[PDB]
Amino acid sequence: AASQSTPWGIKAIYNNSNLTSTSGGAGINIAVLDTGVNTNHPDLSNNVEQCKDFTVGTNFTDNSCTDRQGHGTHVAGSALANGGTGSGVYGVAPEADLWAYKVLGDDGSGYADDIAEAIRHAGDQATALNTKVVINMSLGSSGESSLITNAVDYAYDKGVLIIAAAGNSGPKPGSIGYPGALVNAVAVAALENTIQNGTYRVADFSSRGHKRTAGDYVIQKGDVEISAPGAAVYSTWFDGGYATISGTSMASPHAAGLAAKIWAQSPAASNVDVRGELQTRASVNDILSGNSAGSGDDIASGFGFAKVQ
């Protein structure tokens, strides 16, 4: 079984120190584009809906999404782990549907064309099934791939909400990477379990946005958008057990899970509506600590820390 039911970041985003379980996300699909997912993990299996591998062949191999690294399983767990039979770990939106899309191939990892194909496929599925999709991309690079960018824009136009890691190249200004830095991706900064200046603190490793476009509460290319728990995050692992790691990769699925929880309560809302709700929620929880964090919209934390309550 798990040694934690509700990890610190789950409790933090739920804003409840004694939380024993989570809820919500019904009907919303979280597409975790990553190293795959262990679809037999007891705390994930019941939420598995799609399992597709974009690293073998084109376009993809169906009914296949094996994680041999752990990242994708970890990320999926933060987003939507369901506690198993009651003794396992819980993620933010335990009633969401998991679409495990393997885009980081064994081993080493990820070609831009595989990632782009998966982003487009998620958009095509949103359209074909008339269903709501939140993409999570817990991945990043300093360089902008036009294949990935164009795929993001394509999916966003089709109504898909795209959440991504800000990157782990902080704390210096302008360290945000891609796809996080795209105007149609929600870049998520990583918080650590430290309260400073009254708020959770942005981790030093978390990539910062650019000074010239910050402070306006309007997202341009290069802006960090919201913050979520990303340091020392316990979650599911590819072996059917658990692991504790740190990264903006860990923050992203907290936000993707929250987005799904929000969306499930307004299922006819657009991606733009749900994104706006995340922005609003973040803005009332202004993050005030971490390098370059301060009052208002800043390059460390964007608008703030969107929560359940």
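Note that residue numbering follows the sequence shown and begins at 1.
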Please work out which of 211-219 and 129-137 has the higher mean CA B-factor as recorded in the PDB entry.
-> 211-219
Do the C-alpha atoms of 69-77 or of 118-126 have the higher average B factor in the entry?
-> 118-126
Would you mind finding, among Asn168, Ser227, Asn82, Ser87, the residue with the largest C-alpha temperature factor in the entry?
-> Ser87
Between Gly174, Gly110, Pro94, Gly180, which carries the biggest CA temperature factor in the record?
-> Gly110
In terms of its chain's C-alpha B-factors, the third that includes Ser145 is the highest
Lowest, middle or highest third - CA B-factor, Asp106 | highest
Looking at the C-alpha B-factor of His254, is it in the lowest, middle or highest third of its chain?
-> lowest
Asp34, C-alpha B-factor rank within chain (lowest, middle or highest third) = lowest
Which third of the chain holds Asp273 when residues are ordered by C-alpha B factor: lowest, middle or highest?
-> highest
